[PDB]
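Visitor: Pasting in a structure now, in structure tokens, and then I'll have a few things to ask.
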2 protein chains.
Amino acid sequence: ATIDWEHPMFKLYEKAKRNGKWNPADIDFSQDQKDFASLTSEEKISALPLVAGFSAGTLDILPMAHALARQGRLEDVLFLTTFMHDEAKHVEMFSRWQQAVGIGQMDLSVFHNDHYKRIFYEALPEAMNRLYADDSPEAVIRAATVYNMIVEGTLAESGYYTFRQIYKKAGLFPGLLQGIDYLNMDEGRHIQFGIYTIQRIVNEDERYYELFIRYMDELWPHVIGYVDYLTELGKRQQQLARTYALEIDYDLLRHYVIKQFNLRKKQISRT
Amino acid sequence: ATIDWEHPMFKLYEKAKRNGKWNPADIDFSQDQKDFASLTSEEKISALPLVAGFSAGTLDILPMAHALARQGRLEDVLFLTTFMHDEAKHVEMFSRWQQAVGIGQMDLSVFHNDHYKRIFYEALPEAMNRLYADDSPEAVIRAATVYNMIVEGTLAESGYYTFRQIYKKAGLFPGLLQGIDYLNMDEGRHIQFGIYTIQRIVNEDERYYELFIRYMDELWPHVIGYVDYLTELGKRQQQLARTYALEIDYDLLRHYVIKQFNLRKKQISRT
Ligand SMILES: CCCCCCCCCCCCCCCC(=O)O
Ligand SMILES: CCCCCCCCCCCCCCCC(=O)O
């Protein structure tokens with residue numbers, strides 16, 4: 001029997017088809033163009049570091065789909081097709097926003113400090129690629145930890161909360177903000193795949209719980225290192241804050257990131 | 001600039017999102033259950049060889065997505081996410097039909113003669129897997145030829161036409177038939193990817209046109225070998241034909257297959 005209708009990832013796959021119909025081509029970015037045009041040069045430089053982090057972050061999950069297919073986990077692989085399609089819309093949405101406000105050509109990589117690179121240039125592609133040649137429990141937990149629990153479950157979740165804190169209130173960038181709420185919803189499913197994947201391996205052998213915690217801790221310094229750097233950039237050129245009577249509470253944001261991290265650790269149980 | 005909005009595979013990707021919203025979970029198979037229940041044991045064995053061919057044919061296209069991503073073909077890779085998701089629905093639809101009429105447990109692999117295996121067990125996974133380690137023009141044309149032009153563009157297209165010839169007229173299996181029309185539409189896009197991929201490589205060096213033709217010809221004997229075998233099985237136990245005043249014109253079907261083959265060769269030009 002080809003499919004287990006009761007399998008959690010099969011149920012997550014059904015959910016993905018029903019809830020992941022959004023199309024980035026349907027979003028109206030015209031107001032966003034005006035909003036970015038109305039900004040001052042200084043203000044313009046304010047918003048770009050946060051948007052740089054998202055525009056780099058090619059289907060990172062591809063190796064995972066390959067490895068789980070090879071192990072015969074058909075339901076996981078079905079679900080992963082929706083994940084990879086979500087990644088495609090992700091890239092599409094930011095590229096349309098960038099083109100709509102005229103920073104399509106601009107090289108935002110300058111807002112990737114070293115800590116960012118330690119995550120997005122090394123730990124993530126390395127941990128995913130590994131799975132082509134080594135699909136051990138450790139390897140899989142590591143790939144799920146870095147991508148699902150850290151990149152998505154911590155940084156992405158915190159960047160989405162940040163965009164809303166700043167701009168939903170500013171009245172700015174209604175197209176981006178709609179894109180972000182769709183991304184955020186897609187990502188709920190991604191995090192559940194990660195949790196399901198880590199938990200099933202931990203269930204098998206409690207030693208893998210320590211490995212999960214250890215690897216969340218080893219990545220923490222670069223997560224907080226990138227947040228400080230953005231934080232510092234922000235504080236240092238917050239003309240946008242002055243202009244839009246915004247309270248960019250960087251101390252709040254920072255605590256939101258910490259809370260995401262501890263919350264992810266907490267969704268994996270030793271038993 | 002991340003995306004070329006004018007790129008053909010980007011336009012094929014936009015088309016895929018708009019036209020590929022079908023969900024196999026939304027199909028009503030209740031009548032199909034009744035229809036299969038109403039059949040005689042003999043009749044029941046009539047329909048299964050054609051359905052065996054489709055139920056085996058895990059994301060076969062995965063290696064292609066990996067290789068084109070590695071070569072920086074971002075638009076191709078976006079489109080391929082829709083392809084792989086279509087493959088997932090494909091597997092899902094047949095598994096739901098099989099479960100709905102009670103042949104979910106049954107081992108249909110017995111209707112795979114050797115010629116079928118030469119295609120679905122060897123040429124296809126071998127040609128796709130190759131791309132992980134060898135992504136030369138030849139390798140890519142070969143993968144596109146076997147999967148898109150032969151498996152989809154010849155066998156699948158001909159099996160869809162066959163199901164309709166037999167059952168749209170019988171009044172049987174309205175759920176399956178609706179599934180089939182969705183599959184057939186998804187496959188139009190798959191064939192266009194294959195054509196676009198083969199053509200772009202041929203454009204570069206006309207010697208690859210000969211290689212395309214040579215490899216279509218080398219696969220032909222197993223395509224026609226599998227068709228004869230089904231043909232022969234059919235002729236040999238056509239109680240379903242008698243019962244439903246069907247004219248299963250096997251000579252027509254056979255010519256339809258030949259026509260698909262020659263038609264695929266014809267969609268690739270030397271210049
Ligand atoms: C000022 C506080 C800043 C909070 C931290 C911002 C983090 C930027 C996150 C971007 C990285 C995630 C991109 C890929 C996520 C995905 O798979 O969809
Ligand atoms: C009696 C004439 C028979 C005609 C030939 C029938 C061929 C059966 C085809 C099944 C193989 C294709 C399955 C995979 C296609 C896909 O990628 O969606």
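Values in this text are rule-based calculations from the coordinates and carry no lab data. Note: ideal-geometry Cβ built from the backbone for every residue, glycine included; neighbour counts use all protein chains shown.
Okay, residues lined up against (1) away from ligand 1 (no atom under 16 Å from the Cβ); (2) among the aliphatic types (A, V, I, L, M); (3) surrounded by fewer than 18 Cβ atoms within 10 Å (Cβ to Cβ):
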| residue | (1), (2), (3) |
| --- | --- |
| B:236 | yes, no, yes |
| B:240 | yes, yes, no |
| B:245 | yes, yes, yes |
| B:255 | yes, no, yes |
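Visitor: In the stretch B:21-35, which residues are crowded, with 17+ Cβ neighbours inside 10 Å and within 12 Å of chain A (Cβ to nearest Cβ)?
Guide: B:22, B:24
Visitor: Can you pull out every residue in the stretch A:169-187 that is buried (at least 18 other Cβ atoms within 10 Å of the Cβ) and farther than 26 Å from residue A:83 by Cβ?
Guide: A:172, A:173
Visitor: I would also like to ask the following. Under the condition of being assigned to a loop (DSSP other than H, G, I, E, B) and either of a type outside the set (A, V, I, L, M, F, W, C) or within 16 Å of ligand 2 (Cβ to nearest atom) (or both), which residue from the stretch A:262-271 is nearest to the other protein chains (Cβ to nearest Cβ)?
Guide: A:267
Visitor: If residue A:17 satisfies all but one of (1) part of a helix (DSSP H, G or I); (2) within 16 Å of ligand 1 (Cβ to nearest atom); (3) surrounded by 22 or more Cβ atoms within 10 Å (Cβ to Cβ), what's the number of the condition it fails?
Guide: (2)
Visitor: Just wondering, is there one or more residues in the stretch A:23-41 that are part of a loop (DSSP other than H, G, I, E, B), within 16 Å of ligand 1 (Cβ to nearest atom) and over 17 Å from the mean Cα position of the chain (by Cα)?
Guide: no
The rows are residues; the columns are (1) outside any helix (DSSP H, G or I); (2) within 30 Å of residue B:169 (Cα to Cα).
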site	(1), (2)
B:210	no, no
B:219	no, no
B:227	no, yes
B:237	yes, yes
B:241	no, yes
B:251	no, yes
B:254	no, yes
B:260	no, yes
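Visitor: Another question, then. Does the stretch B:49-62 include one or more residues that are more than 10 Å from ligand 2 (Cβ to nearest atom) and either closer than 22 Å to residue B:243 by Cα or more than 22 Å from the chain's Cα centre (by Cα) (or both)?
Guide: No, the stretch B:49-62 has no match at all.
Visitor: Against the conditions (1) crowded, with 18+ Cβ neighbours inside 10 Å; (2) under 30 Å from residue B:23 (Cα atoms), where does residue B:223 fall short? Just the number, please.
Guide: Looking at each condition in turn, residue B:223 falls short on (2).
Visitor: Checking residue B:166 against (1) assigned to a helix (DSSP H, G or I); (2) touching a helix residue (DSSP H, G or I) at 6+ places or on another chain (Cβ under 6 Å); (3) crowded, with 21+ Cβ neighbours inside 10 Å: exactly one of these is not met. Which one?
Guide: (2)
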